[PDB]
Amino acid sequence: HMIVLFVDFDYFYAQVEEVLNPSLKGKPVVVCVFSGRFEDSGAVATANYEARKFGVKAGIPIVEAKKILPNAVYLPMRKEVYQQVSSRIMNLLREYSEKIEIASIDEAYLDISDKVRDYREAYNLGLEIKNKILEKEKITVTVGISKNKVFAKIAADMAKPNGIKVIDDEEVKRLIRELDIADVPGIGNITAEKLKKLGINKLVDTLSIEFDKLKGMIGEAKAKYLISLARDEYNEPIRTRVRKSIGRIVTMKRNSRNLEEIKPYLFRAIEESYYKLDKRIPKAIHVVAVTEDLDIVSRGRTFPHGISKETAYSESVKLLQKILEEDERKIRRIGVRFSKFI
């Protein structure tokens, strides 16, 4: 049958940083996202291991990071750089299969069935690539291998960091029975919690529960996903993905509900989006506001034709007035998101 090779760059934003200024290596590095409300407001996007050991990981506030690691190095996130670096490395991989699916910015799936014969020869294609990237770009990555993508990826979770690990058919079997259901991709907290209830601690526990009861609990897509996966037969292919929407959301120096002080931030959002669209022309537009108590409200609109920048400016204002109208809370973060490209 089939073999998939999953590739995941290690602590990616932090590592492109150690590469551009090697002096940093060995020290605690933290790439931040300074929301600019007050010195050090914002969360951490990621940090190298020489700093993640103390709990400083993606998500925690930068103020909390400084209390733990007062003297670590804090850099702001430079997306475009990390982005052009990922692109280079993605090419490098095509020179191994042109059946490549690019998941996110730091990971890819390769279908190496027509280039390899077995897990012994695959492991080698594996080691070979890491080298081709540690030499060409200087970035270490982890590599997972197995039958379907899910497992290939789970393989990389275990081999992190700078690892490579194969998961052969005997392994699948034991994992389907031993692996913790929460460690299966696409199963965040809200779902693991809903599974505990139904009494499903493992992937296998799904073969002993009335499907229609499962469906109502977590949804049908998840039910079929999990069930087939457990029945040892998940096999979705490696298709090339495309950008389906682009957007930008920004944080205001302070809360508000005054359509006048909000307009500026909103046009910045729209501006940064239309630039980072390029060529592409959207038929749908949405406005998104994050209320004072961290909840999200959104209002959109689809047009029979594409949207001109000038129209974006105008429809964003209506949708924003629709939000402020139907909601009492103050708005904290405001932005836009374009979808349905022609």
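Each form is matched to the other, and the largest set of C-alpha atoms that superpose within 1.5 Å is called the rigid core. Heads up: residue numbers just count along the shown sequence, starting at 1.
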After core superposition, the stretch with larger RMS C-alpha deviation in 8 other deposited structures of this protein, comparing 190-198 and 237-245, is 190-198
Core-superposed comparison in 8 other deposited structures of this protein: bigger Cα RMS shift among 327-335 and 12-20 is in 327-335
Mean Cα B-factor check, 86-94 vs 114-122, entry values; winner is 114-122
With B-factors read from the PDB entry, the higher C-alpha mean of 237-245 and 147-155 is in 237-245
For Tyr74, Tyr225, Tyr109, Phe211, the deposited C-alpha B-factor is largest at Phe211
Chain-relative C-alpha B factor for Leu69 (record values, thirds): the middle
Sorting the chain's modelled residues by C-alpha B-factor and splitting them into thirds places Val204 in the highest
By the entry's values, the third containing the CA B factor of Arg299 is the lowest
Chain-relative C-alpha B factor for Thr142 (record values, thirds): the lowest
Assert third(CA B-factor, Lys318) within chain per record equals lowest
